[PDB]
Peer 1: 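Before I ask anything, let me first share the structure, which is written out below as structure tokens.
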Amino acid sequence: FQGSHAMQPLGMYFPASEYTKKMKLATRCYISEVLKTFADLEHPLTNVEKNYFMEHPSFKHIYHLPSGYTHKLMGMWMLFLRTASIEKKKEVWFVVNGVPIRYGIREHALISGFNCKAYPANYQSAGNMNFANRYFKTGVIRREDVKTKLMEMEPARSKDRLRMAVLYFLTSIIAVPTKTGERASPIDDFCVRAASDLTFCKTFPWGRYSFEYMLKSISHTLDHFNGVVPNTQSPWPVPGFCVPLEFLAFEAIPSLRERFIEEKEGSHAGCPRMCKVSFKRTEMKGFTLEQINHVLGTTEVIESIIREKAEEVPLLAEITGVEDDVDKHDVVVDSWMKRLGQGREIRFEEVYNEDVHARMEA
DNA sequence: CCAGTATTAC
DNA sequence: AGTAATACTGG
Ligand SMILES: [Zn+2]
């Protein structure tokens with residue numbers, strides 16, 4: 001279609017030789033564990049405690065997910081293998097079958113429903129160490145120490161138990177440590193202070209915070225592999241709220257959505273995407289890379305920026321800002337947004353051919 | 001056997 | 001701390 005041209009990316013993180021190399025990816029996003037822990041407390045959660053989470057502006061959507069939530073990661077890996085080298089730092093783009101797909105804060109909000117508005121002024125000063133100092137010796141607080149303390153606390157007049165549950169939720173789902181066990185990494189210091197203030201925790205843009213944390217994991221992952229995927233059974237951790245990334249490829253590519261996604265009946269059309277769809281069950285715990293690659297086939301039907309539906313416009317207006325945040329100057333991405341703005345699609349024929357060849361003919 | 005996962009070891 | 005290896009889970 002005639003129109004302004006999209007420039008090819010200055011580089012890619014991996015060559016197409018790596019598109020068939022599988023990998024075990026370890027998540028750090030303990031949705032199932034947190035929900036199970038909450039349901040199994042010997043002293044059950046109070047109505048106020050339960051409604052804090054079930055009515056939380058962001059975290060209410062974690063309850064619209066299937067029980068025993070299990071992440072499926074080969075869609076994300078397929079995208080990771082096609083990450084473009086760009087100048088922007090606040091968004092990532094993946095080139096599938098020659099078509100750039102964007103993971104920005106808007107997409108993170110559309111799928112999660114989490115508040116992705118701008119940070120309030122001097123948010124880093126929120127809360128204080130008083131609450132944590134009431135329950136943890138000076139030193140390192142591990143994610144498991146918060147879980148243990150939560151299960152060993154007695155519900156009573158003060159909301160300290162609710163604060164602990166909030167801390168557990170934040171540091172298991174939103175900003176989550178990689179290392180576990182006896183020497184587990186210290187949990188996020190901001191979350192420890194923020195959990196002291198339940199009102200602040202209800203309004204803070206945890207969508208932006210989880211998004212920025214996921215951007216860090218993406219960069220660490222790409223640096224780690226440095227262009228080559230090893231032949232190993234050792235899993236690589238990609239910590240943080242990865243649900244938008246797990247579903248992104250399926251939401252942007254109809255061939256994948258049709259074969260691997262099903263509508264979640266009972267869901268409200270006002271909810272974000274994660275509450276309205278679910279992965280179809282297969283004979284395996286997750287989809288294999290070969291399955292994703294095969295269903296990818298030769299399709300050219302791919303949305304660069306996943307489009308919202310009418311029933312979702314109020315939600316996005318409620319959880320996103322009006323203008324995009326300032327980022328580094330990026331003439332390549334600029335050319336993409338120009339061509340997309342004119343109503344034209346983007347597909348680099350050569351890149352498309354290499355993707356198809358790498359997946360289906362060698 | 002598998003992909004996702006929890007846990008210890010290097 | 002950062003990373004890698006082992007082996008369990010629910011099929
Ligand atoms: Zn929802």
Side-chain angles (χ1 to χ4, degrees), chain A residues 18-38 40 62 65-81 138-148 150-151 168-169 171-189 191-192 213-250 256 259-262 274 278-296 359:
Chain A
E18 312 304 277
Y19 291 1
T20 63
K21 299 184 177 182
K22 48 191 288 199
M23 180 78 27
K24 272 190 179 177
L25 298 180
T27 55
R28 303 287 193 258
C29 189
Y30 300 93
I31 299 175
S32 176
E33 179 205 286
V34 166
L35 294 185
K36 171 91 169 121
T37 301
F38 285 175
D40 290 350
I62 290 293
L65 300 175
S67 180
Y69 189 90
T70 297
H71 305 268
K72 291 194 181 181
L73 310 159
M74 286 312 91
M76 184 180 77
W77 183 235
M78 183 278 290
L79 300 176
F80 280 8
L81 290 167
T138 192
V140 173
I141 305 171
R142 308 168 299 184
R143 198 186 65 87
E144 71 196 277
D145 296 322
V146 178
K147 185 169 130 80
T148 297
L150 171 67
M151 299 179 299
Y168 172 56
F169 186 107
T171 62
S172 308
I173 286 166
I174 297 297
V176 191
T178 294
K179 190 178 172 166
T180 71
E182 210 46 41
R183 297 300 176 179
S185 293
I187 61 177
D188 186 69
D189 201 11
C191 292
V192 177
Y213 195 86
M214 186 55 52
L215 289 182
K216 288 170 182 174
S217 299
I218 294 175
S219 170
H220 192 50
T221 290
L222 297 171
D223 288 342
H224 170 70
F225 288 106
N226 198 20
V228 302
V229 176
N231 184 25
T232 181
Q233 281 189 293
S234 301
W236 170 255
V238 183
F241 188 66
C242 55
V243 177
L245 273 173
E246 294 171 55
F247 278 108
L248 187 55
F250 302 91
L256 294 176
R259 158 68 199 172
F260 301 112
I261 304 291
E262 70 187 19
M274 74 177 188
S278 56
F279 290 117
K280 294 183 184 175
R281 291 182 181 271
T282 59
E283 57 186 75
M284 322 214 81
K285 190 163 179 180
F287 311 122
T288 78
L289 181 60
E290 184 164 316
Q291 293 180 318
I292 304 300
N293 279 346
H294 177 67
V295 178
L296 208 42
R359 293 183 286 101

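The sequence lines fix the lettering, A, B, ..., with proteins before strands; numbering per chain opens at 1.
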Peer 1: Select base, sugar-phosphate, or nothing to describe what A:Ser234 touches, counting heavy atoms under 4.0 Å on all strands.
Peer 2: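 Base, at least one base atom sits under 4.0 Å.
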Peer 1: Strictly below 4.0 Å: does A:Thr27 bring a side-chain N or O up to OP1 or OP2 of B:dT5?
Peer 2: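 Checking B:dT5 against A:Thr27, a side-chain N or O does come within under 4.0 Å of OP1 or OP2.
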Peer 1: Mind checking A:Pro230 for me? I need base, sugar-phosphate or nothing, with any heavy atom below 4.0 Å counting as a touch.
Peer 2: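 No contact at all - A:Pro230 keeps every heavy atom at 4.0 Å or more from the nucleic acid.
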Peer 1: Under 4.0 Å: is that the gap between some side-chain N or O of A:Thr232 and OP1 or OP2 of C:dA5?
Peer 2: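 So the side chain of A:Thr232 is within the cut-off, an N or O lying under 4.0 Å from OP1 or OP2 of C:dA5.
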Peer 1: Tell me whether the side-chain N/O atoms of A:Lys22 come closer than 4.0 Å to OP1 or OP2 in B:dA3.
Peer 2: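 For B:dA3, OP1/OP2 do have a side-chain N/O of A:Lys22 under 4.0 Å.
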Peer 1: Nearest to the side chain of A:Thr180 - B:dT5, B:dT7, C:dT3?
Peer 2: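 It is B:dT7.
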Peer 1: Grab the groove, major or minor, that holds a base atom under 5.0 Å from the side-chain heavy atoms of A:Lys285.
Peer 2: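 A:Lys285 reaches into the minor groove.
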Peer 1: Is it the case that atom NE2 in A:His224 sees more than 12 heavy atoms from other parts of the structure closer than 6.0 Å?
Peer 2: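 Yes - once you tally the heavy atoms of other residues, nucleotides and ligands closer than 6.0 Å, there are more than 12.
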Peer 1: Mind checking A:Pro237 for me? I need base, sugar-phosphate or nothing, with any heavy atom below 4.0 Å counting as a touch.
Peer 2: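 Result for A:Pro237 = nothing.
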Peer 1: Please check: side-chain N/O of A:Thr232 versus main-chain N/O of A:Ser234, any donor-acceptor pairing under 3.5 Å?
Peer 2: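 The answer is yes, because a donor-acceptor pair under 3.5 Å joins these two groups.
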Peer 1: Applying a 4.0 Å non-hydrogen cut-off, can you work out what A:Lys72 is touching in the nucleic acid: base, sugar-phosphate, or nothing?
Peer 2: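 Sugar-phosphate, backbone atoms only, no base.
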Peer 1: For A:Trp77 and B:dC2, what is the distance between atoms CH2 and P respectively, to the nearest whole Å?
Peer 2: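 So the CH2-P distance, A:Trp77 to B:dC2, works out to 18 Å.
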Peer 1: A:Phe287 ring centre to A:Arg259 NZ or CZ under 6.0 Å, with the angle to the axis within 45°?
Peer 2: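 Judged by the rule (NZ or CZ under 6.0 Å from the ring centre, within 45° of its axis), A:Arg259 is not positioned above A:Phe287.
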Peer 1: Is the shortest distance from a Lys or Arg side-chain nitrogen in A:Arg142 or A:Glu182 to a carboxylate oxygen in the other one below 4.0 Å?
Peer 2: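 Judged by the 4.0 Å cut-off on N to carboxylate O distance, A:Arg142 and A:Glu182 do form a salt bridge.
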Peer 1: Specify the separation, in whole Å, of atom CZ of A:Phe287 and atom P of B:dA3.
Peer 2: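 Nearest whole value for this atom pair: 13 Å.
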Peer 1: Can you sort out which residues in residues 216-229 of chain A have a heavy atom within less than 4.0 Å of DNA chain C? Ascending by number, please.
Peer 2: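 Nucleic-acid contacts, sorted: A:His220, A:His224.
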Peer 1: Please classify the nucleic acid contact of A:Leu73 as base, sugar-phosphate, or nothing, using heavy-atom distances under 4.0 Å.
Peer 2: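 If one applies the 4.0 Å heavy-atom cut-off, A:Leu73 turns out to touch the sugar-phosphate alone, with no base involved.
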